[PDB]
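>>> Coordinates for the following, if possible.
(2 chains, ligands or ions: 2)
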Number of protein chains: 2
Amino acid sequence: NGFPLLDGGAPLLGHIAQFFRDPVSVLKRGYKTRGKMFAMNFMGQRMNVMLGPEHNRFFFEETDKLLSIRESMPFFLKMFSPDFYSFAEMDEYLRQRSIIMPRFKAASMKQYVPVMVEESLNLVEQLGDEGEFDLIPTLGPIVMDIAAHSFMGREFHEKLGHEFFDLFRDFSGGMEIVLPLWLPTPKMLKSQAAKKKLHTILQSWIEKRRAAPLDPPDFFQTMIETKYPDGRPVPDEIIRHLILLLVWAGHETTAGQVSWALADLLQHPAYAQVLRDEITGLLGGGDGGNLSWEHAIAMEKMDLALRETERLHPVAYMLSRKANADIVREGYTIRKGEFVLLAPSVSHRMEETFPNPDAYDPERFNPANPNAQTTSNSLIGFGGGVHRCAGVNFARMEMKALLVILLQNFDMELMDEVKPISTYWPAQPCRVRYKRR
Amino acid sequence: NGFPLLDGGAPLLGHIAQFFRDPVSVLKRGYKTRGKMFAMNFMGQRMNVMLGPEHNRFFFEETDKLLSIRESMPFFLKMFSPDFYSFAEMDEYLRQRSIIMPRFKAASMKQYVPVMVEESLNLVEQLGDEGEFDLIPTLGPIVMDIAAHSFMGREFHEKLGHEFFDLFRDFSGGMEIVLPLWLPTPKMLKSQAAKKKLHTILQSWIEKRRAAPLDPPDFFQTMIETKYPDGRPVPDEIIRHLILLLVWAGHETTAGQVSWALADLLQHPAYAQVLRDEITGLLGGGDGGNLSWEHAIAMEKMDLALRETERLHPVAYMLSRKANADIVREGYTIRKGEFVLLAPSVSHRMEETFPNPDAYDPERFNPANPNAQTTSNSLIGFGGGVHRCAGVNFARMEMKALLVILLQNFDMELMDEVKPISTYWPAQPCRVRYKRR
Ligand code: HEM
Ligand code: HEM
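Numbering: from 1, shown residues only, chains lettered A, B, ... in the order given. Ligands and ions are numbered 1, 2, ... in the order given. Now the structure:
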């Protein structure tokens, strides 16, 4: 019946402890020894992994039909609500998604670039003329500054920014597990407590700005005044959930992804020089404070670098669904209720799709390359289909801004070898030595 | 087909969040609205709860046959080994259990009483003439002193005791859960690290005492020299696992259970006086330092109090198995691979078995009571059958010693109301005000 089973499973535990220790290597061993469809054994549960563009297309296409999203993160419901976004019924999901999409399509990035540039320059200021910085701990707070400043406004970021960021780390803990009596980790209580406080703080700011509006409107003003397509008003609670969702969905992902991207550049000086020349051609000298959206969109080699870092180090190293019904696929049956996985980390390094898959070669995405590797559903570090990452343009633009400003200001080198760890981040410490240019 | 489903389940999550918040109240609601057999819904998994003496007897009798122990705590395997104790094949389990049973049958408690009394008197010394103490944080370290002193010896407890107790808190974290990419909590790494250090420290002590034996032998000396019944030697690794198992199995359980027992006594002064008179009749005045095993076994009213605290507040509030095959039971089918639970917390308060079940009435266990409630498999806070708690006599004797010595030395009162939370402990702070007698 089932997907071909990966061998080497331990008694009782199966592969789960191996996965615990190094998930991508477990996933790669499935590709190398079993192929594009294989089962892992997680404590007696079959985990059905599919690889490559055809299976990726199927996974995205069948989400909300044969494949269920909610069981990938059931306690999203408690962080947010059972009627919110991808957890809501189809009609309601689409209505709420219609609030988000116009604010995050590629055209809409004009809005956000000045805040991205300003906070990047604040980072340059904090770093000074020379020193060393740890990647994730340094860039994480900047990603968060950009999120809060962009989606809540400058004033909120100055006045309430400190209290807001502390509640978020607790809020983000709300995906906790349990101990043998089904006794819970503290973290779920702290997450609930932070959620209630985040909601009161956000509601106060909604009321503040509706009493005292900012015209012309920023993101926040437009958000709290938006209605659904049919004309009905968007409930305040939905607004609050949406904003928290954006900050949550974009925080640890972007901080890790951009850290991988800088690391890739610092390990490939020839291409970093390609990037420095593109930035210099567009911006001239100086600290990069003149970086505009119009400059940004012209940065074609930066775009290639960001695609290549996504390919080599997708922080979304695995994606997850549960089957709503039995699925027969190429002779194997996924049973109803079993997990179904994509693995961007492994799919992205299939020689069948990406020749020389361990090489850093951004020009493989250049459409003028006859050898180009741009088939649809082959680069899936942002998902796909209806449930593609809503922030994919915001994330790529923010990485571009952070890297441009850092490249323009600093000579940099990696101090440590990079190491691993859904979530795939450089192992701390991953430090950069720098000296201002 | 299934066990009657408890109503009130939330979308997707079922009852799991309700259970998270207050498990005994979920379990009680199953008894009150569905009866002795009911299903809970944990994120789409049926949890089959059975209640009362007949079902308890079945659960214990069928463990290792229709019911599997390992899936109740799969990562016991990593804390210990897949070939250790209840995780080993039947023959090997029984061989290793044959090392433990002679050291913990009721007759064998003579060995341990002097260490229990000494450490209890050390507690009296630390408390001084008056003050306040928090139950779990104060008595937890004493339970651990008694374990290390009893099973490793006085010298180990003095020299290596501090380092040993710090590694154990990390070791005990090794029952961790995960986050949405199956990304693990730190705690499993700390647990593994502590396990390796605990094993090296224990092996050094095995080698020390085999070079320099303690004659007459203490527990440790006899343990490292024991052979299996057939004459074959017990591997050092098994010895180390066994000792760690005893300390682990007895630490948080006994500290919580004895705290409940003191709380019950401080809430029922008339019976505490019954206890004080029994202690005075046996020991006279003084600090209780003359408490001997021969005195201890005569303390029939203390025995009743400990049974009644076990009934009202079993720290093992729930017990867990997975079905090895479909089990038909009174018209309902447990499917293979589903969880099967006992709930001592609820079973112990069934009016059908224990009339006036919320009353503290230790005399209900007195065999001279015509109304006595002593049917087999009705008091199950220590499990039952082949897999009954191996330490049940050691735990009861230690609680008796700790309470005797405290009652003999201090007038005490509860400062706070008691509150809840496998594991069921008084909610901290649960404080006792005391003044020496
Ligand atoms: C480099 C950074 C990021 C990566 C790698 C990333 C990746 C992803 C992936 C893989 C998905 C699809 C999940 C699945 O299929 O199970 C997703 C969903 C989502 N992401 Fe991102 N993300 C990033 C940044 C952001 C940012 C900055 C935002 C918001 C501004 C955001 C908003 C969302 C939302 C709202 C969804 C849900 C889409 C839906 O179900 O309709 N993410 N993200
Ligand atoms: C008041 C304290 C304690 C309580 C409430 C308690 C309770 C239990 C329960 C309910 C079980 C059976 C688990 C199941 O059926 O799933 C058990 C097993 C066990 N306990 Fe205790 N325990 C306590 C103290 C101790 C102490 C002090 C030791 C050791 C000195 C100990 C050693 C063990 C061992 C070795 C097992 C495994 C039995 C087997 O599977 O053969 N426990 N305990």
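>>> Return the residues of the stretch 251-400 of chain A in contact with chain B.
Within reach of chain B by C-beta under 8 Å from any C-beta of the partner chain, the stretch 251-400 of chain A has these residues: A:317-318, A:320, A:337. (C-beta placed from N, C-alpha, C; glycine too.)
>>> Pull out the buried members of those.
A:317-318, A:320, A:337 (16 or more other C-beta atoms under 10 Å in any protein chain shown).
>>> could you pull out the strands for the stretch 101-250 of chain A?
In the stretch 101-250 of chain A, strands defined by DSSP state E, counting those that start in this stretch lie at A:130-134, A:178-179, A:183-184, listed in chain order.
>>> need those in TSV with distance to chain B and mean neighbour count, can you?
Output for these, formatted as TSV (distance: least, C-beta to the nearest C-beta, whole Å; neighbours: other C-beta atoms under 10 Å in any protein chain shown):
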stretch	distance to chain B	mean neighbour count
strand A:130-134	18	15
strand A:178-179	5	18
strand A:183-184	5	18
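>>> from the residues of the stretch 251-400 of chain A next to chain B, which single one is nearest chain B?
Nearest to chain B among these: residue A:318, at 5.9 Å, using C-beta to the nearest C-beta.
>>> now the helix or strand that contains residue A:254, how far from the centre of its chain.
Element membership for residue A:254 (DSSP states H and E) is helix A:236-266. Chain-centre distance of helix A:236-266: 6 Å, with C-alpha atoms, centre = their mean, to the nearest Å.
>>> Equivalent analysis for stretch A:174-194, please.
24 Å.
>>> Could you do stretch A:196-208 as well?
Distance, centroid of stretch A:196-208 to centroid of chain: 26 Å (C-alpha atoms, centre = their mean).
>>> For chain B, tell me whether it is touching it.
No: using C-beta under 8 Å from any C-beta, stretch A:196-208 stays clear of chain B, coming no nearer than 14.8 Å.
>>> can you pull the buried residues of that stretch?
A:197-199, A:201-202, A:205-206.
>>> before we move on, what about stretch A:214-222?
Buried-residue list, stretch A:214-222, by 16+ other C-beta under 10 Å: A:218-221.
>>> and residue A:191, how many residues sit next to it?
22 (other C-beta atoms under 10 Å in any protein chain shown).
>>> what do you get for residue A:62?
17.
>>> and which of the buried residues of stretch A:196-208 is nearest to residue B:404?
residue A:197 (47.8 Å; C-beta to C-beta).
>>> and stretch A:365-376, how far out from the chain's middle?
Worked out by C-alpha atoms, centre = their mean, stretch A:365-376 lies 24 Å from the chain centre.
>>> Stretch A:378-398 too?
Distance, centroid of stretch A:378-398 to centroid of chain: 8 Å (C-alpha atoms, centre = their mean).
>>> so, in contact with ligand 1 or not, stretch A:113-130?
No: for a cut-off given as C-beta under 6 Å from any ligand atom, stretch A:113-130 has no contacts with ligand 1; the smallest distance is 11.1 Å.
>>> what about that stretch, distance to the chain center?
So, by C-alpha atoms, centre = their mean, the centroid of stretch A:113-130 is 22 Å from its chain's centroid.
>>> And for stretch A:190-209?
Distance, centroid of stretch A:190-209 to centroid of chain: 24 Å (C-alpha atoms, centre = their mean).
>>> Could you do stretch A:390-409 as well?
That offset, for stretch A:390-409, works out to 13 Å (C-alpha atoms, centre = their mean).
>>> Could you look up the SS state of residue A:420?
coil (DSSP: H, G, I helix; E, B strand; the rest coil).
>>> for it, what are its contacts?
Neighbouring residues of residue A:420 by C-beta atoms under 8 Å, 6 or more residues apart in numbering or on different chains: A:22, A:24, A:426-427.
>>> which among the buried residues of stretch A:196-208 gets closest to residue A:295?
Once C-beta to C-beta is applied, the member of the buried residues of stretch A:196-208 that ends up nearest residue A:295 is residue A:205, at 32.2 Å.
>>> Surely the closest one is in contact with residue A:159?
No: using C-beta atoms under 8 Å, residue A:205 makes no contact with residue A:159, being 9.5 Å away.
>>> rewinding a little: what about the helix holding residue A:254, near ligand 1?
Yes: counting by C-beta under 6 Å from any ligand atom, ligand 1 is contacted by helix A:236-266 at A:245-246, A:249-250, A:253-254, A:257.
>>> Grab the most central residue of chain A for me.
residue A:253 (3.6 Å; C-alpha atoms, centre = their mean).
>>> Neighbours of the closest residue to ligand 1 within the stretch 51-200 of chain A, how many?
Taking C-beta to the nearest ligand atom, ligand 1 has its nearest neighbour within the stretch 51-200 of chain A at residue A:86, 4.1 Å off. By other C-beta under 10 Å, 18 other residues sit near residue A:86.
>>> Then residue A:14?
The burial count for residue A:14: 23, using other C-beta under 10 Å.
>>> What values do phi and psi take at it?
Note on residue A:14: its backbone torsions stand at phi 70, psi -130 [degrees, to the nearest 10].
>>> So it versus residue B:178, what's the distance?
14 Å (C-beta to C-beta, to the nearest Å).
>>> Over to residue A:216?
45 Å.
>>> In contact with whichever residue of chain A sits closest to ligand 1, which residues?
Nearest to ligand 1, among the residues of chain A, is residue A:391, at 2.1 Å (C-beta to the nearest ligand atom). Residues counted as contacts of residue A:391 (C-beta under 8 Å, 6+ apart) are A:104, A:246, A:249-250, A:254.
>>> Give me the subset of the residues of the stretch 251-400 of chain A next to chain B lying in helices.
In helices, judged by DSSP state H, none of these are found.
>>> Redo those residues as TSV? Include distance to ligand 2.
As requested, these are exported to TSV (distance: C-beta to the nearest ligand atom, whole Å):
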residue	distance to ligand 2
A:317	36
A:318	33
A:320	31
A:337	27
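>>> Next step: the residues you listed restricted to strands.
residue A:320 (DSSP state E).
>>> and of the residues of the stretch 251-400 of chain A next to chain B, the nearest to residue B:309?
residue A:337 (41.8 Å).
>>> Distance to residue A:313 for the residues of helix A:236-266 next to ligand 1 - can I get that in CSV?
Output for the residues of helix A:236-266 next to ligand 1, formatted as CSV (distance: C-beta to C-beta, whole Å):
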residue, distance to residue A:313
A:245, 24
A:246, 23
A:249, 19
A:250, 17
A:253, 12
A:254, 13
A:257, 8
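>>> ok, the nearest residue to residue A:222 once chain neighbours are set aside - contacts?
Distances taken as C-beta to C-beta, 6 or more residues apart in numbering or on different chains place residue A:103 nearest to residue A:222, at 7.7 Å, with adjacent residues excluded. Residue A:103 is in contact with A:111, A:219, A:222-223, counting by C-beta under 8 Å, 6+ apart.
>>> Among the residues you listed, which one sits closest to residue B:36?
Distances from residue B:36 to the contacts of residue A:103, taken by C-beta to C-beta, are shortest for residue A:223, at 53.2 Å.
>>> count of neighbours near the closest one?
Counted with other C-beta under 10 Å, residue A:223 comes out at 22.
>>> Over to residue A:185?
17.
>>> What are the phi and psi values at it?
The phi/psi pair for residue A:185 (degrees, to the nearest 10) is phi -60, psi 150.
>>> OK, contacts around it?
Counting by C-beta under 8 Å, 6+ apart, residue A:185 has contacts A:176-179, B:177, B:185.
>>> Among the residues you listed, which one lies nearest to ligand 2?
residue A:179 (14.1 Å).
>>> State the distance from the residue nearest to the closest one when sequence neighbours are not counted to residue B:293.
Excluding its sequence neighbours, the residue lying closest to residue A:179 (C-beta to C-beta, 6+ apart) is residue B:175, at 4.6 Å. Using C-beta to C-beta, residue B:175 is found at 35 Å from residue B:293.
>>> Residue A:374 too?
Taking C-beta to C-beta, one finds residue A:374 at 81 Å from residue B:293.
>>> which phi and psi does the closest residue to residue A:137 other than its chain neighbours have?
Nearest residue to residue A:137, sequence neighbours excluded (C-beta to C-beta, 6+ apart): residue A:428, at 6.9 Å. With angles defined as degrees, to the nearest 10, residue A:428 sits at phi -80, psi 140.
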